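Given next, in structure tokens, is a single chain: the form deposited without 4-[(acetyloxy)methyl]benzoic acid (VZQ).
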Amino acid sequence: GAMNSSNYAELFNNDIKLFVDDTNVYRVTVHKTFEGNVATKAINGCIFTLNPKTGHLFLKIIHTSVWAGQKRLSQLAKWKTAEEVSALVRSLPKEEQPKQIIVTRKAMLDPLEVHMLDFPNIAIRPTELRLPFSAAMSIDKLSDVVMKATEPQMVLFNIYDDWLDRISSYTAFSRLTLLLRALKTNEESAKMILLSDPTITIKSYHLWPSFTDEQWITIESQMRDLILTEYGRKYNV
């Protein structure tokens, strides 16, 4: 069934599972035409497919060329997401295929289910968690590779860098979702916090800075404070 606060630790057992987030698959800018009507222009997007136990990220880049000549793009985006996730599963060796796929938006259930008819033993699940994965395009290196792409392209990353050498999956995911929540609520402040200190660099093969353990505590505290502040401002509490 659905994924919630109660069955949260299931994410970190040894049953392979992936999260799929489609919020950045179909991205547009809205602008005014010469005659004063509104039009959209698509920009490149991506499917955010993540194994929360291992950190492996399967970033599938969605090139604007996919939309050319198509109607009902927002609907089509869901089907293209499910098509590409299915192809990813097919491309993986049997022992690496997931036992569950957890979609972050309920509208993805039917498209994925239909595309996964060949994999009846892979369970497609919704979630009640309010996961922040839409902010994945606030991670500079991910945004950069998406925006530069000239063709459909799959790019692999570990979204935990090397954290798992020192902490558990559970702790890694809480850090990741805290960082993304912060970047979602106030990107400018979130990014300030991460880079303020120029003596803490991001390795060429990483996405986040090379914080020491103590520095991560300070960071995480700083991201929590950011999040709670923005809440008071949102609601006047």
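Residue numbers run from 1 along the displayed sequence.
Unshown form solved in complex with 4-[(acetyloxy)methyl]benzoic acid (VZQ); subsequent notes refer to it.
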Self-check item: Shown form pocket vs 4-[(acetyloxy)methyl]benzoic acid (VZQ) in the entry with it bound, superposition, backbone/C-beta distance 2.4 Å
Solution: blocked
Self-check item: Partner-contacting position among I122, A149, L109, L129 - heavy atom within 4.5 Å of 4-[(acetyloxy)methyl]benzoic acid (VZQ) in the entry with it bound
Solution: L129
Quiz item: If we check 4-[(acetyloxy)methyl]benzoic acid (VZQ) in the entry with it bound, which of the residues in 7-39 reach within 4.5 angstroms of it by a non-hydrogen atom?
Solution: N7, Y8, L11
